[PDB]
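Just below is one structure, and these are the notes that go with it.
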Amino acid sequence: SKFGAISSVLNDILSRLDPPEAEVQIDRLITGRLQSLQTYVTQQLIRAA
Amino acid sequence: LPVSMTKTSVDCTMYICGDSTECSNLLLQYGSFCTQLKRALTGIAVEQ
Amino acid sequence: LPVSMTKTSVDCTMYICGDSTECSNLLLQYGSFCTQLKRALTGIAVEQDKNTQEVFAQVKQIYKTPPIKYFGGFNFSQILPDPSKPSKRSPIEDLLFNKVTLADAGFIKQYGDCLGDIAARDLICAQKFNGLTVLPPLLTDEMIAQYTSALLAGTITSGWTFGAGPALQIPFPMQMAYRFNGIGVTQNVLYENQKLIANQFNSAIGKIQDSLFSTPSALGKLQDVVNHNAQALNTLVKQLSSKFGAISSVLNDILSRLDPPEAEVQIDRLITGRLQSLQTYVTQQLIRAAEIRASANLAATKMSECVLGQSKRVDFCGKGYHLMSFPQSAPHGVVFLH
Amino acid sequence: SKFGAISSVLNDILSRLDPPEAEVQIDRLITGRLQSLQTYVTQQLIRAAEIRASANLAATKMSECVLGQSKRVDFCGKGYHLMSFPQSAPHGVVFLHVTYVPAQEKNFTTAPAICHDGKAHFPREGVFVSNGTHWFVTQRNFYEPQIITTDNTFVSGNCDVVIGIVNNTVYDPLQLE
Amino acid sequence: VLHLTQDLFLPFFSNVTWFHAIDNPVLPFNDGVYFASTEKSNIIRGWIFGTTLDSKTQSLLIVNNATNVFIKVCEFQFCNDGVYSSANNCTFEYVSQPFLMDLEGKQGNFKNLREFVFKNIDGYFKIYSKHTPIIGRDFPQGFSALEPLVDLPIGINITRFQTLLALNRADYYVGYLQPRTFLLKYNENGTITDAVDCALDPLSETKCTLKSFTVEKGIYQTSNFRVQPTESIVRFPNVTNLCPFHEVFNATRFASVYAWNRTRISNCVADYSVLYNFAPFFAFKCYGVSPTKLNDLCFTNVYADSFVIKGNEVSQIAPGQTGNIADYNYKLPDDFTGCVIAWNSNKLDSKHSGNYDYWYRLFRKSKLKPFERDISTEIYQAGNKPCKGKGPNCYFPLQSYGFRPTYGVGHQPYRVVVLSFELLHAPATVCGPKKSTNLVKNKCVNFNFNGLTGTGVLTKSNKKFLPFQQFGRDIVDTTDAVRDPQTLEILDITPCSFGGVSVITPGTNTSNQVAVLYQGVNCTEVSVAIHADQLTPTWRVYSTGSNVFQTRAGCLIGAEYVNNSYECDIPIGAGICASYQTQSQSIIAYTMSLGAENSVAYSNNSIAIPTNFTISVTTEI
Amino acid sequence: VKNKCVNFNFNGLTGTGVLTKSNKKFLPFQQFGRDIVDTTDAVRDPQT
Amino acid sequence: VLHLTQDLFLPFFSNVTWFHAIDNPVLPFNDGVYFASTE
Ligand SMILES: *[C@@H]1O[C@H](CO)[C@@H](O[C@@H]2O[C@H](CO)[C@@H](O)[C@H](O)[C@@H]2O)[C@H](O)[C@H]1NC(C)=O
Ligand SMILES: *[C@@H]1O[C@H](CO)[C@@H](O[C@@H]2O[C@H](CO)[C@@H](O)[C@H](O)[C@@H]2O)[C@H](O)[C@H]1NC(C)=O
Ligand SMILES: *[C@@H]1O[C@H](CO)[C@@H](O[C@@H]2O[C@H](CO)[C@@H](O)[C@H](O)[C@@H]2O)[C@H](O)[C@H]1NC(C)=O
Ligand SMILES: *[C@@H]1O[C@H](CO)[C@@H](O[C@@H]2O[C@H](CO)[C@@H](O)[C@H](O)[C@@H]2O)[C@H](O)[C@H]1NC(C)=O
Ligand SMILES: *[C@@H]1O[C@H](CO)[C@@H](O[C@@H]2O[C@H](CO)[C@@H](O)[C@H](O)[C@@H]2O)[C@H](O)[C@H]1NC(C)=O
Ligand SMILES: *[C@@H]1O[C@H](CO)[C@@H](O)[C@H](O)[C@H]1NC(C)=O
Ligand SMILES: *[C@@H]1O[C@H](CO)[C@@H](O)[C@H](O)[C@H]1NC(C)=O
Ligand SMILES: *[C@@H]1O[C@H](CO)[C@@H](O)[C@H](O)[C@H]1NC(C)=O
Ligand SMILES: *[C@@H]1O[C@H](CO)[C@@H](O)[C@H](O)[C@H]1NC(C)=O
Ligand SMILES: *[C@@H]1O[C@H](CO)[C@@H](O)[C@H](O)[C@H]1NC(C)=O
Ligand SMILES: *[C@@H]1O[C@H](CO)[C@@H](O)[C@H](O)[C@H]1NC(C)=O
Ligand SMILES: *[C@@H]1O[C@H](CO)[C@@H](O)[C@H](O)[C@H]1NC(C)=O
Ligand SMILES: *[C@@H]1O[C@H](CO)[C@@H](O)[C@H](O)[C@H]1NC(C)=O
Ligand SMILES: *[C@@H]1O[C@H](CO)[C@@H](O)[C@H](O)[C@H]1NC(C)=O
Ligand SMILES: *[C@@H]1O[C@H](CO)[C@@H](O)[C@H](O)[C@H]1NC(C)=O
Ligand SMILES: *[C@@H]1O[C@H](CO)[C@@H](O)[C@H](O)[C@H]1NC(C)=O
């Protein structure tokens, strides 16, 4: 899921953009994936309980 | 009656940054947001 | 069995925006997103209090042991309170309080000595510096021992009658005989080996205290709960040093370095990071509080069955044919003597 | 809540701005509302798990207290449980535990066994109780004194190992006939 | 509905200044003004606003007459009594219905109470009015809603306020609004029946947290209390040396970009007014720091790289940029935290007949990594020749920034100096000009130790700071101890009386009295703070001496400790419960009564057996 | 067009829904309408 | 406190080349060098 960035492939967007701005799309992907993993861990904790 | 679920041990570093050093650097700025996750999954596996 | 956890009342405005008017104004733009957090933490505190009440306040009348202590040869002086000790707590109980160390007592009013800390301020002063306090439980560790003693005196002097209605006195050998009759063994066998069973009971009382002493950690569950709460609080406070992808991680120097309509972006980034971390903490506390609620309901049922009577369900009140169970208060939990 | 955007209304921002930046504000509204909705769903999951625990408790309570007599003390209300009656309530159930609670009691006396002739007599079921002058056998939760008899008691012992034994005479319905 | 709003309101039980009229002082205007007046028929016409009330700043006039109003935005001169003498830059007139309604029931018993509220948020002047047939009291107390009348876009800096009178041959009540949070009870018809301020009393504030007009019996966590620093101490370097910025800008031979002259700024006080002075500024793009608030920062090391360069390369210089200069001559680091400065210099880098002194590199074997100088004369290779010389296929690396007093804008000799800061945790040597105040210990106080802004209580310490040590911290990484720059002593850092306020009250349908808790703080600190009026909460609960009880769960104010024992009614914590008990009624606090004290008659041969029984039907839900 | 699903752009307040007559008690200054959750509930007709 | 840091630190049980004197070789400099001497 692009999460509102240029692309969903990290290896692609590092080689296609220079750090200064890339950083923005990488942060967008970071906050997307990390929130998805947070939802997963919360649901897994619920299921485990 | 269910007794246990599958024990999963996902890792933030790869799952969010596939072997990317600059992405690891960026993730480090989010604090210990993923040590908590590894602890939670490990505790879940131990609890199972 | 754990009965309760440390009650927390983390506050949004101070935790996220340390006394910063612009930061609080921009936090108001997220709505009551965190009034939910305060409500959830208040609910957790009330639920923990109700858990302690359910576990322990199972008798309306506080009974007292007879001034003399001769229960047919049975030696109990390890579980009734000791008058000499100021805390009025049994020797079995004292080991429990001495083998559990609380990171944050809460009932300390530690304000005033963070200046007197001299050395580096500790975890509690650090938490007070960023708005995460610990409320103390409604029932103190002293009157909780009074409730435990009341339950204990109800069992050894009135059998299981006091768990149903009025407390009817009955000799302890006779209660032993009736519990024996409850597991399919004639009461007579006890009345010919009362001396032997009394000696075995005394020996087991003495050995179990030593077993709970020389052990590294037989209180692993209670210490695990305390460690979990302390570790959650530490992870909560540690995210305040995380830049979250901004220029710096401190509101005070961020406002003092950038003018309002450019510092807005950085402050919003901090708000997004800190609210997400706080939501993580609150959800994990909710989950652990539900787990502790289940454990405390199990403890309350175990008390109401094993303590206030004999339970026929095998392997519920410890291994083997159940006879009695003597409760003992523990830091944020209860310990049974089946 | 604006969540950090120009406005909190989608039909406002869309009809007032052009995509370039705009999308930015709509993405901000997305990351606000989705996170709020996720908070709601997580709280609902917590509450529904707690309600499931309470519902399993209620189901076991029904199956035990209503469909039978439960020997576990304090489970089906306070006191010696007799029966329960369920009643429907909005989003829940209401139980009417009927419990047997004792009443007025009196100090009498008691002894673990009665030694008639070198042999200790123990109560088959009940309590060896003494008015104060004439020993009696009775129940456990209700006073009903009965004349001590060889059927009301079982004999096994030697009158020398049981502490607290008392001297009394037990009767037999066989010698008379 | 019980809708809650945050807007400028007149605080409940605030103070209105009552005047008379028999000369007409000017009243300050700030965040809006509440106005009220009780007059028989008419003695007040209108109001005038603006600043300095002269013919230099736009002003206002809200005068009324029998049939209309006279709203206008003008620059009147004066009247000193036809209420103006100037209409020069006076447009935006307005005429509508009059603001004053007066009705009589064949008697002058009606002083026609006239409530008015004005404010100037983002211009858009708002006027609210409501006329209540006067009752016995001039400014009584019953609730009266206030309705808007007009809202038109004024857009002038309203600071002063004045009133107009009438002619003839106890009114004027004026109040000021400040921003508060209000909860309003809306009637079924849509009107307003009751409102409660969330900054008045504990019961009111709780009422504003349980969003309702009935606070039922119980204890409610509402907010937090925080002591406010009575003072504000700043401690900055013992030296007051002005930085050599002047010499950096008063230079005559600013080196070219290919060899960027890098100066060092250390052990000095950076006052950037001198930076502004020697600068016909054209490009002051600051990135890591807002340029305005540059004198309130402490930097460890300051770098001033100076080079004269063309016009468009001024736009070229920025972090994460590119170009013939940005790639091979001068690359700023992406994470640049500083300012770049460009001002035109055609008077020192130009002369008749030409000047080809300056240089720049278009030919480098690779990119220039950030903050690197590549002074070198090597001919760039093309193809595969080891050629060493000038001409085709053998190119000399650096070309000329030829300058003569005649170019276009983008091609003139712009003068560029960049300032690079190091804003991290370190002992700073460069700070802004500030007055190092004294030191006050054992008192909550905002501190600015060497640029580390915060608030808390300072004191002496017995720490063992090593000579290089400057800061303090804990496993949580928060500043704990800061060494005094001008006394070289260790001072700890503490929270400014952080806690949590919980209000114990019975149901408002029973009583209005309340008991306040300050969580996990000794009352001795809140007692002195209250007596010093430095507490964040504004609601000051009464302290009669008998209402103070240091609990283990905090400390209680407003409830008297009763040594008796009763069943818990409202749990406070640590075995203390408060309840509303008769004396004739008040709030008391007491210890838990876990139950009736009972003793069993256990004995060797004594038994209790019931001779009777009862059938009890309980309920479980 | 009342009692019918319609796109409305009332005095700059755009939305979707069904409109009809009401028996509100709007005060003369009142222009919009809302609920406890501040959802636009009633709109005064500017030309009626 | 048990603070954890990430910086240029000499690895434990790493290689340290020991020299003598009685000509003064130039040594490479990279990510800093650790220097020690007893005299
Ligand atoms: C019941 O058990 C108690 C265990 O604490 C006995 O106390 C003991 O007292 C002796 C001295 O007489 C100590 O040496 C020993 O360490 C222990 O504290 C108590 O005597 C005993 N009483 C009976 C009647 O069995
Ligand atoms: C012992 O229990 C006896 C029950 O049989 C009680 O004796 C009764 O006494 C009456 C005369 O007072 C007799 O008529 C009756 O047949 C019975 O024997 C007796 O009260 C009781 N003792 C005490 C002290 O209560
Ligand atoms: C119960 O009655 C027994 C005889 O009927 C008693 O035994 C007697 O004990 C005495 C010594 O106590 C002997 O001297 C005598 O020969 C006979 O064995 C017994 O003591 C008595 N017990 C009680 C408690 O009354
Ligand atoms: C850049 O040019 C500056 C102006 O000449 C130099 O700064 C000063 O140079 C004078 C020369 O007399 C010194 O007296 C003074 O102390 C100061 O250094 C600066 O050194 C120079 N820097 C580079 C890297 O060329
Ligand atoms: C056991 O307890 C019953 C009630 O708890 C008693 O019943 C009472 O009888 C009296 C008349 O004697 C009534 O007035 C009263 O309303 C109630 O029904 C019952 O008598 C009692 N029995 C004994 C033996 O104590
Ligand atoms: C039994 O006697 C004791 C001693 O007086 C007394 O305290 C107790 O209440 C009595 N129990 C009864 C009469 O049921
Ligand atoms: C009030 O002033 C207006 C503006 O000049 C005028 O039209 C109107 O007649 C006046 N009303 C009076 C004098 O009653
Ligand atoms: C009148 O004043 C306004 C407000 O400053 C100003 O914009 C306008 O130019 C002025 N009109 C003149 C000077 O003619
Ligand atoms: C005065 O009001 C005008 C209206 O826009 C505004 O431009 C100006 O900034 C205000 N004055 C000040 C000092 O802000
Ligand atoms: C150089 O110094 C003189 C001396 O007063 C001053 O007038 C001039 O503005 C300075 N120029 C610069 C560029 O600083
Ligand atoms: C600061 O300067 C003053 C005056 O020169 C001096 O008396 C004082 O000792 C200095 N303090 C330190 C810490 O250098
Ligand atoms: C809190 O309790 C009292 C009253 O203030 C006083 O000893 C001191 O302020 C505090 N005590 C401790 C041990 O911190
Ligand atoms: C009554 O209360 C006071 C303190 O308010 C206490 O010192 C005293 O001991 C109490 N008296 C009794 C009999 O408890
Ligand atoms: C019970 O018996 C023991 C041992 O004979 C004696 O010490 C105690 O005082 C007796 N108690 C009563 C109430 O008779
Ligand atoms: C709107 O204006 C028209 C044109 O004059 C008029 O016929 C109609 O009555 C007006 N309605 C309202 C509500 O103002
Ligand atoms: C250090 O150098 C020696 C000699 O080359 C080598 O044998 C040794 O393995 C080195 N140390 C380590 C840890 O490899």
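If you're wondering about the labels, chains in the structure tokens are A, B, ... by order shown, residues count from 1 in each chain, ligands from 1 in order shown.
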
Could you tell me which residues of chain E sit within 10 Å of chain F when counting only C-alpha atoms, and give me the result as a PDB file with N, CA and C atoms, in the first residue's frame?
```pdb
ATOM      1  N   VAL E   1     -29.589  20.006  24.680  1.00  0.00           N
ATOM      2  CA  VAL E   1     -28.173  19.707  24.544  1.00  0.00           C
ATOM      3  C   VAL E   1     -27.407  20.550  25.551  1.00  0.00           C
ATOM      4  N   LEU E   2     -26.200  20.095  25.871  1.00  0.00           N
ATOM      5  CA  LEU E   2     -25.343  20.780  26.826  1.00  0.00           C
ATOM      6  C   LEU E   2     -24.049  21.187  26.139  1.00  0.00           C
ATOM      7  N   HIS E   3     -24.170  21.806  24.968  1.00  0.00           N
ATOM      8  CA  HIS E   3     -23.008  22.118  24.148  1.00  0.00           C
ATOM      9  C   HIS E   3     -21.991  22.955  24.908  1.00  0.00           C
ATOM     10  N   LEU E   4     -20.725  22.578  24.769  1.00  0.00           N
ATOM     11  CA  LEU E   4     -19.604  23.237  25.423  1.00  0.00           C
ATOM     12  C   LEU E   4     -18.793  23.980  24.374  1.00  0.00           C
ATOM     13  N   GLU E 147     -28.111  38.247  22.121  1.00  0.00           N
ATOM     14  CA  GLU E 147     -28.216  37.853  20.721  1.00  0.00           C
ATOM     15  C   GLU E 147     -27.394  38.777  19.834  1.00  0.00           C
ATOM     16  N   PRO E 148     -26.826  38.248  18.753  1.00  0.00           N
ATOM     17  CA  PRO E 148     -26.118  39.107  17.800  1.00  0.00           C
ATOM     18  C   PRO E 148     -27.078  40.052  17.097  1.00  0.00           C
ATOM     19  N   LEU E 149     -26.566  41.228  16.740  1.00  0.00           N
ATOM     20  CA  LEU E 149     -27.314  42.188  15.941  1.00  0.00           C
ATOM     21  C   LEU E 149     -26.687  42.399  14.569  1.00  0.00           C
ATOM     22  N   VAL E 150     -25.400  42.732  14.512  1.00  0.00           N
ATOM     23  CA  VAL E 150     -24.730  42.962  13.244  1.00  0.00           C
ATOM     24  C   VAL E 150     -23.315  42.405  13.315  1.00  0.00           C
ATOM     25  N   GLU E 188     -35.370  23.688  25.003  1.00  0.00           N
ATOM     26  CA  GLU E 188     -36.036  23.006  23.897  1.00  0.00           C
ATOM     27  C   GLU E 188     -36.328  23.966  22.750  1.00  0.00           C
ATOM     28  N   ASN E 189     -36.712  25.199  23.067  1.00  0.00           N
ATOM     29  CA  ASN E 189     -36.998  26.198  22.047  1.00  0.00           C
ATOM     30  C   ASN E 189     -35.751  26.678  21.322  1.00  0.00           C
ATOM     31  N   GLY E 190     -34.564  26.301  21.787  1.00  0.00           N
ATOM     32  CA  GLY E 190     -33.325  26.787  21.224  1.00  0.00           C
ATOM     33  C   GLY E 190     -32.680  27.924  21.982  1.00  0.00           C
ATOM     34  N   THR E 191     -33.348  28.468  22.993  1.00  0.00           N
ATOM     35  CA  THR E 191     -32.775  29.537  23.791  1.00  0.00           C
ATOM     36  C   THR E 191     -31.760  28.969  24.779  1.00  0.00           C
TER      37      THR E 191
END
```

Legend entry - Surrounding residues as a PyMOL selection string, ligand 6, max 7 Å, only C-alpha atoms and all ligand atoms: (chain D and resi 105-107) or (chain E and resi 600-601+608)

Written file, previous selection with C-alpha atoms, as a tab-separated table (two decimals), in the first residue's frame:
```tsv
chain	number	residue	atom	x	y	z
D	105	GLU	CA	-28.32	-20.75	67.00
D	106	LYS	CA	-27.38	-21.76	70.54
D	107	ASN	CA	-24.28	-22.85	72.40
E	600	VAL	CA	-16.39	-15.82	67.61
E	601	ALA	CA	-16.70	-18.01	70.71
E	608	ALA	CA	-23.26	-23.46	67.39
```

Legend entry - Close residues to ligand 11 using only C-alpha atoms and all ligand atoms, limit 8 Å, as number ranges by chain: E: 238-239, 485-488

Take the residues from that selection and write them out as an mmCIF file, in the first residue's frame, keeping C-alpha atoms.
```cif
data_model
loop_
_atom_site.group_PDB
_atom_site.id
_atom_site.type_symbol
_atom_site.label_atom_id
_atom_site.label_comp_id
_atom_site.auth_asym_id
_atom_site.auth_seq_id
_atom_site.Cartn_x
_atom_site.Cartn_y
_atom_site.Cartn_z
ATOM 1 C CA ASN E 238 30.251 35.483 31.819
ATOM 2 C CA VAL E 239 31.657 37.273 28.750
ATOM 3 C CA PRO E 485 27.954 28.692 33.967
ATOM 4 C CA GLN E 486 28.857 31.559 36.327
ATOM 5 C CA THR E 487 29.180 29.679 39.634
ATOM 6 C CA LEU E 488 30.296 26.175 38.539
#
```

Legend entry - Residues of chain A within 9 Å of chain D, only C-alpha atoms counted, as an MDAnalysis selection string: chainID A and resid 4 35 39 42:43 46 49

Store the residues picked out above, limited to N, CA and C atoms, as a short mmCIF file (atom, residue, chain, number, x, y, z; two decimals), in the first residue's frame.
```
data_model
loop_
_atom_site.label_atom_id
_atom_site.label_comp_id
_atom_site.auth_asym_id
_atom_site.auth_seq_id
_atom_site.Cartn_x
_atom_site.Cartn_y
_atom_site.Cartn_z
N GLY A 4 0.14 6.85 0.36
CA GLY A 4 0.29 8.23 -0.05
C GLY A 4 1.69 8.66 -0.41
N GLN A 35 2.05 1.61 11.74
CA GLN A 35 0.68 1.58 12.23
C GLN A 35 -0.02 0.29 11.86
N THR A 39 -1.65 -2.30 14.57
CA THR A 39 -2.95 -2.95 14.52
C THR A 39 -2.81 -4.46 14.61
N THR A 42 -1.93 -5.45 18.23
CA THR A 42 -3.08 -5.32 19.12
C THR A 42 -4.09 -6.44 18.89
N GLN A 43 -4.40 -6.74 17.63
CA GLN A 43 -5.34 -7.82 17.36
C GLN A 43 -4.78 -9.17 17.79
N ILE A 46 -5.23 -9.40 21.48
CA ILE A 46 -6.63 -9.71 21.79
C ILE A 46 -6.91 -11.19 21.56
N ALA A 49 -5.34 -13.23 24.29
CA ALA A 49 -6.10 -13.18 25.54
C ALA A 49 -7.34 -14.07 25.46
#
```

Inset, instruction - Name each residue within 10 Å of ligand 1, counting only C-alpha atoms and all ligand atoms, as a list in words. - result: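 Listed by chain and ascending number, the contacts are residues 69, 70, 71, 72, 73, 74, 75, 76, 77, 78, 79, 91, 198, 199, 202, 203, 205 and 206 of chain C.
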
For the interface of chain E with ligand 8 (cut-off 12 Å, counting only C-alpha atoms and all ligand atoms), please tabulate each contacting residue of chain E alongside its nearest pair of atoms and their separation in Å to one decimal, rows sorted by chain and increasing number, as a tab-separated table.
```
residue	atom	partner	partner_atom_place_in_ligand_line	distance
E:50	CA	ligand 8	4 (C)	11.8
E:55	CA	ligand 8	2 (O)	10.5
E:56	CA	ligand 8	2 (O)	9.0
E:57	CA	ligand 8	5 (O)	7.5
E:58	CA	ligand 8	4 (C)	6.4
E:59	CA	ligand 8	4 (C)	9.9
E:73	CA	ligand 8	2 (O)	9.5
E:74	CA	ligand 8	2 (O)	8.4
E:75	CA	ligand 8	2 (O)	8.0
E:76	CA	ligand 8	1 (C)	11.7
E:87	CA	ligand 8	1 (C)	10.8
E:88	CA	ligand 8	14 (O)	8.1
E:89	CA	ligand 8	1 (C)	4.9
E:90	CA	ligand 8	1 (C)	7.2
E:91	CA	ligand 8	1 (C)	8.3
E:92	CA	ligand 8	1 (C)	10.6
E:154	CA	ligand 8	4 (C)	10.6
E:155	CA	ligand 8	4 (C)	8.8
E:156	CA	ligand 8	4 (C)	7.8
E:157	CA	ligand 8	5 (O)	10.3
```

Inset, instruction - Grab the atom 13 (C, counted along the ligand's line) of ligand 10 to CA of residue 249 (chain E) distance for me, in Å with one decimal place. - result: 5.0 Å

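The residues of chain B lying at most 10 Å from chain C, with only C-alpha atoms taken into account, are residues 26, 27, 28, 29, 30, 31, 32, 33, 35, 36 and 40 of chain B.
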
Just to be explicit: take each residue in the selection above, keep N, CA, C and O atoms, and write the result as a compact mmCIF listing (two decimals), in the first residue's frame.
```
# COMPACT_ATOMS: atom_id res chain seq x y z
N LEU B 26 16.02 6.13 9.69
CA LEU B 26 14.76 6.85 9.85
C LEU B 26 13.90 6.22 10.94
O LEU B 26 13.29 6.93 11.74
N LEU B 27 13.83 4.89 10.97
CA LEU B 27 13.03 4.21 11.98
C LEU B 27 13.59 4.43 13.38
O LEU B 27 12.82 4.49 14.34
N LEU B 28 14.91 4.55 13.51
CA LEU B 28 15.50 4.79 14.82
C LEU B 28 15.01 6.08 15.45
O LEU B 28 15.02 6.21 16.68
N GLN B 29 14.55 7.04 14.65
CA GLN B 29 14.03 8.30 15.17
C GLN B 29 12.65 8.16 15.78
O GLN B 29 12.14 9.14 16.34
N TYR B 30 12.02 6.99 15.69
CA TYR B 30 10.71 6.76 16.28
C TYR B 30 10.80 6.19 17.68
O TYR B 30 9.78 5.76 18.23
N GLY B 31 11.99 6.16 18.27
CA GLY B 31 12.13 5.63 19.61
C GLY B 31 12.02 4.11 19.63
O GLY B 31 12.08 3.43 18.60
N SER B 32 11.85 3.58 20.84
CA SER B 32 11.72 2.14 21.04
C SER B 32 10.27 1.71 20.77
O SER B 32 9.61 1.08 21.59
N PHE B 33 9.80 2.06 19.58
CA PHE B 33 8.45 1.70 19.17
C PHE B 33 8.36 0.26 18.69
O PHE B 33 7.25 -0.26 18.53
N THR B 35 10.91 -2.35 19.85
CA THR B 35 11.25 -3.23 20.96
C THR B 35 10.00 -3.67 21.69
O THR B 35 9.87 -4.84 22.09
N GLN B 36 9.03 -2.76 21.85
CA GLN B 36 7.76 -3.12 22.46
C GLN B 36 7.06 -4.20 21.66
O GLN B 36 6.50 -5.14 22.23
N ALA B 40 6.12 -7.92 22.79
CA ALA B 40 4.74 -8.37 22.83
C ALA B 40 4.57 -9.71 22.14
O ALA B 40 3.94 -10.63 22.68
```

Inset, instruction - Could you give me, as JSON, numbers by chain, every polymer residue with an atom at most 6 Å away from an atom of ligand 12, counting only C-alpha atoms and all ligand atoms? - result: {"C": [110], "E": [522, 524]}

Save out the residues we just selected, C-alpha atoms, as a compact mmCIF listing (two decimals), in the first residue's frame.
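Contents of part.txt, freshly written:
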```
# COMPACT_ATOMS: atom_id res chain seq x y z
CA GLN C 110 7.53 12.20 46.40
CA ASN E 522 1.77 17.43 50.35
CA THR E 524 2.22 22.25 52.70
```
